[PDB]
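So this one's two forms of a single chain, laid out as C-alpha cells and tagged structure 1 and structure 2.
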Structure 1
C-alpha cells in the first residue's frame, strides 16, 4: 500500500457513502464543509487545489451543484462521475426551477442503492487495482442500506395516511415523501434567491390551517426563521431541523448518511408524536 487513491466529492452525503465503498484503499473528502449551503456554494482557489490533487471527482448532478460544471473546467486530467445515473427524477413543481429534476434523490433509501452502484462503478473504472475491495465494500454497504428501509417505512406508517403532510422549508424531501406516502408542503421549492418571501409564507400557512397540520420543519443548511414564523402564525409546532443537504461534523450528531436518514425520519415521526 503506497499512496491511497484520492476521491473528492462535491458535498458530504456523497463523501460518506463513497468512503464506505472505498474502505481502507481510498481517502474521500468533500469540497463543501458540514453545514454549508451546497446548491449555490461559491468555490474558492483552495477548492480548486483540492479537486486538482484528486484522482477521481464525484458529484450529484440532477441540477444540484449549480457551481460544479464551471468549477470542473479549471480541473485538468481528473476524471469525474455523476452518481445519480439511472435514478428516475421527480420534477420540481413550481418556481423558476419548475420542471427540472429535483436533485435530492438520496433521501430515498431505495435510490441510495443506485448511488452506491454508480460510485462502485466509478471507483472500479478509475482504480481497477482495488476493484475487489470496492466490490466487497459496496455489497456490504448496500446490504445495510437495503435493511434500513423496512424500519423507517414502518415508523412513518404509524402516521395516518391522510395526515401525512411533510411541511418543510426547502422542498428537499420529495423523494422521501414519495417513498413513504407524504404530501409535500414547502416554503421554497429549491434553494435559490427567494427563501421565505411573502406569498410563500402565506401559501404554507393557509395549507397548514386548512388541514390542521401539526408540525413544520427547517433544514440544517438554511435559516430556521421562516419555519418558526409559520409555526408562530399557525397551530403547528416547530418540529426542529431535518438533515438533507449536509451531514454534521464527524463529532456531531449526524456524522454519516445512515445517521442522516435515521435522524430525519425520527425527527419527522416525533413531530407527529410517533
Structure 2
C-alpha cells in the first residue's frame, strides 16, 4: 500500500509530491484553477480526505474553509506547511494588519515548506524516512538554485520603477524578496504610477481586471494582464509545477518592465 497524502491546493501538492517520490501518493482537494480562499467543499471532498493518511494545509488563514472541513474528518492527522515562516502583514486595505497567506511566492520560503512537509511525512510514515529525507534534500537543492537567476533578472529593473500594484497581496512575498514597492488598489494609484513612471500594471486573479485596466488607460502604463499565483495548471498545462509557477511569474513581470 502507498501512504496517501491529501493537500488543500495544487502548490502544496506539487511540493509534497517531489518529497514523497515513489513511496506516497499526493492528491489535492481543489482542482487546478479553483478559488482557494473560500472554496466550498463537497461531501465527496470530505470522503476523499477521510481516506488519506495525512492532510497538509497552508495555514495563515489562506483556506478560510479548512477549519470547518477538518472538523468533519475523523482521526486523520494534519500538518500546517508554513510553520516557521515570518508572515508579512497586509499593509493596506480592508485586511490591513492581517497575515498575508501567499508565502509560497518567495522561493526562500519554499525551503521551509519543504522542511515542514518532510517532517510530517517522516513523522507519520517513518518506514520511508530515508526516501523522504533524500528526496527533500534533492528537491531543496533545485529550489535554492531558483533564486539566483530570478534575483539577477529583476535587479536590472531600476529601483525607482520597481512597483507592483496590489489588491489582495498575492505578490507581496515576491515583492519583498526582489525589492518591489507596493501600492494598493481598493485614484491615488494613478499618481504613484505617473510620478515614478511605472511602465506596466498587472491585475490579481481573484478580482476584476477593470480597475487595473483603468489605471493603465489613464496613466499610459502598459496593461500587462493578470498574474495567476494561487494555482498550478494541470499536468499537461503550461504551469504544471511550483518551479514553473515561480519562473513564469518572474518572466512575465520582467518582460512587462522590458527586461
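Residue numbers count along the first chain shown, from 1. Between two forms, the rigid core is the largest collection of C-alphas that superpose within 1.5 Å.
Practice problem: Using a core superposition, identify the member of 247, 58, 31, 227 whose Cα displacement between structures 1 and 2 reaches 2 Å or more. | Solution: It is 227; the other listed residues stay below 2 Å.
Self-check item: Per-residue C-alpha change between structures 1 and 2, residue 40, threshold 2 Å, rigid core fit
Solution: Residue 40 C-alpha, core-superposed: shift of less than 2 Å.
Exercise. Note yes or no: does the Cα of residue 168 move by 2 Å or more between structures 1 and 2 after the core is superposed?
Key: The answer is yes; the displacement is at least 2 Å.
Quiz item: On a core-based superposition, does residue 97 travel 2 Å or more at its Cα between structures 1 and 2?
Solution: Yes.
Practice problem: Look at the Cα of residue 217 between structures 1 and 2 with the rigid core superposed and state its shift in Å. | Solution: Its alpha carbon moves by 1.7 Å.
Quiz item: What Cα shift, in Å, does residue 207 show between structures 1 and 2 once the core is superposed?
Solution: So the C-alpha of residue 207 has moved 3.3 Å between structures 1 and 2.
Quiz item: For residue 16, what C-alpha shift in Å results between structures 1 and 2 following superposition on the rigid core?
Solution: On core superposition, this C-alpha lies 0.1 Å from its counterpart.
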